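In the entry's author numbering, the protein residues as written are 125 to 154. Note that CB positions come from ideal geometry on N, CA and C, so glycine has one too. Structure first, commentary second.
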């Protein structure tokens, strides 16, 4: 099994993949 810090851990990595911002930000739009 994976650790409990997997969620927060994937957040740091996913951050690079994102580059922009959460999908929610797209809903609010500039």
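Quick one: Cα of residue i to Cα of residue j, how far?
i           : j           : result
residue 153 : residue 134 : 25 Å
residue 146 : residue 129 : 20 Å
residue 140 : residue 150 : 18 Å
Could you check what DSSP says for residue i in three-state terms: helix, strand or coil?
i           : result
residue 131 : helix
residue 144 : coil
residue 139 : helix
Is residue i near the ligand HEM, going by C-beta to nearest heavy atom under 6 Å?
i           : result
residue 128 : With respect to small molecules bound, the structure shown includes none, and the ligand HEM cannot be examined in it.
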